[PDB]
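Contents: one structure, followed by commentary.
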Amino acid sequence: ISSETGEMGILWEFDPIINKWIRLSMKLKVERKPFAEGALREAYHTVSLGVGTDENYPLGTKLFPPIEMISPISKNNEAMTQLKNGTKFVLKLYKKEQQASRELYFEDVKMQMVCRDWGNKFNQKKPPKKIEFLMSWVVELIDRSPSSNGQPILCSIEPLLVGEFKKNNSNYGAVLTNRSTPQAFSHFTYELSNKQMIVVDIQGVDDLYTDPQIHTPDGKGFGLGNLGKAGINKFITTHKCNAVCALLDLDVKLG
Ligand SMILES: Nc1ncnc2c1ncn2[C@@H]1O[C@H](COP(=O)(O)OP(=O)(O)NP(=O)(O)O)[C@@H](O)[C@H]1O
Ligand SMILES: [Zn+2]
């Protein structure tokens, strides 16, 4: 943590391989105006003023996540390298037109971490283009005046993508570019999850992706964009296999 002026945050990293959250602190300076937006959120350029431990900011207590989902140790984490002092990165806030709940921010970040695991599994098949999903983290902006809630301003953060940002499929069956890898990845996740876990909303710059969406058959978890069986069917029905699907020996779909 740097002595330069900015604002403090409690920073949360989910680690799927131990299935726990890692709680840290950081300092950041975020530009006043967003540089981009989507349907539900605005994105802001931000600079990191360092990452620290959470020892100054005890929990007490019963908010989410529960204590048994929290790692008591935080020495290792991605944040300390990826959000080191001077890093430019992105902060995302929901637009008021506030169905956002605390739990929801953690679900979205966990989701992205789960997709990051699917990315690695895909890559281990040695496709022509490896993919990768960016880290994402929850941040409690503790210096800001609490919401109407009385519980702090929440946001999520992630590394800055540099380049032409494109969305390749939606979370409801749209195929928005001609690229193969994104669709073959979605398909891969559908077949290899035994249809239990489909990753769509494949978007980003080249093959560095962010803000995906998972569908699961029961619709539970993975945020509000989890359209369940319907999401899954809609993907698989508009999907036309390409060469990558074929290299991955996936069951051929004709669209
Ligand atoms: N990590 C990033 N780096 C750089 N630019 C980004 C990043 N994430 C998002 N953007 C840009 O910000 C816009 C809004 O992002 P995002 O909000 O994540 O997408 P979305 O699918 O519209 N759903 P929502 O999250 O509701 O907006 C995107 O369309 C991109 O132009
Ligand atoms: Zn396919």
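Basis: the model, the stated rules and, where named, an outside source; nothing here is a laboratory result. A quick note on method: Cβ atoms are made from the backbone with ideal geometry, for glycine too, and the neighbour counts reach across all protein chains shown.
If you go through the stretch 241-255 and keep only what is of a type outside the set (A, V, I, L, M, F, W, C) and within 7 Å of ligand 2 (Cβ to nearest atom), you end up with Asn242, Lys253.
Under the condition of being part of a strand (DSSP E or B) and crowded, with 16+ Cβ neighbours inside 10 Å, the residues counted in the stretch 81-101 number 6.
One residue stands out in the stretch 151-184 among those that are aliphatic (A, V, I, L, M) and away from ligand 1 (no atom under 12 Å from the Cβ): the one that is farthest from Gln203 (Cα to Cα), namely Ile153. Of the residues making up the stretch 102-124, none is in a loop (DSSP other than H, G, I, E, B), under 16 Å from the mean Cα position of the chain (by Cα) and away from ligand 1 (no atom under 14 Å from the Cβ). Taken over the stretch 9-39, the residue count meeting the criterion of being aliphatic (A, V, I, L, M) and surrounded by fewer than 16 Cβ atoms within 10 Å (Cβ to Cβ) is 4.
Considering every residue within the stretch 130-153, establish whether at least one is within 16 Å of ligand 2 (Cβ to nearest atom), assigned by CATH to the domain that holds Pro58 and not aromatic (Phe, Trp, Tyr). The answer is yes, given that some residue of the stretch 130-153 is within 16 Å of ligand 2 (Cβ to nearest atom), assigned by CATH to the domain that holds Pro58 and not aromatic (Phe, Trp, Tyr). Just checking, does the stretch 227-244 include any residue being of a type in the set (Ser, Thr, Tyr), touching a helix residue (DSSP H, G or I) at 6+ places or on another chain (Cβ under 9 Å) and farther than 20 Å from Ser136 by Cα? No, there is no match, as no residue in the stretch 227-244 is of a type in the set (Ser, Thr, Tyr), touching a helix residue (DSSP H, G or I) at 6+ places or on another chain (Cβ under 9 Å) and farther than 20 Å from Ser136 by Cα. Residue count for the stretch 197-233 under the criterion of being within 16 Å of ligand 1 (Cβ to nearest atom) and not β-branched (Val, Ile, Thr): the result is 18.
Yes/no per residue for (1) within 21 Å of the chain's Cα centre (by Cα); (2) outside the structural domain of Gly6 (by CATH); (3) farther than 26 Å from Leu104 by Cβ; (4) not small (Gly, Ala, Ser):
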site	(1), (2), (3), (4)
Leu28	yes, no, no, yes
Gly38	yes, no, no, no
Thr46	yes, no, no, yes
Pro58	no, no, no, yes
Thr61	no, no, no, yes
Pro72	no, no, no, yes
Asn76	yes, no, yes, yes
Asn85	no, no, yes, yes
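Taking each residue of the stretch 38-58 that is closer than 15 Å to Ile157 by Cβ and away from ligand 1 (no atom under 11 Å from the Cβ) and looking for partners that are in a loop (DSSP other than H, G, I, E, B) and of a type in the set (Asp, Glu) with beta-carbon atoms closer than 6 Å, six or more apart or interchain, yields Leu49/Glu4.
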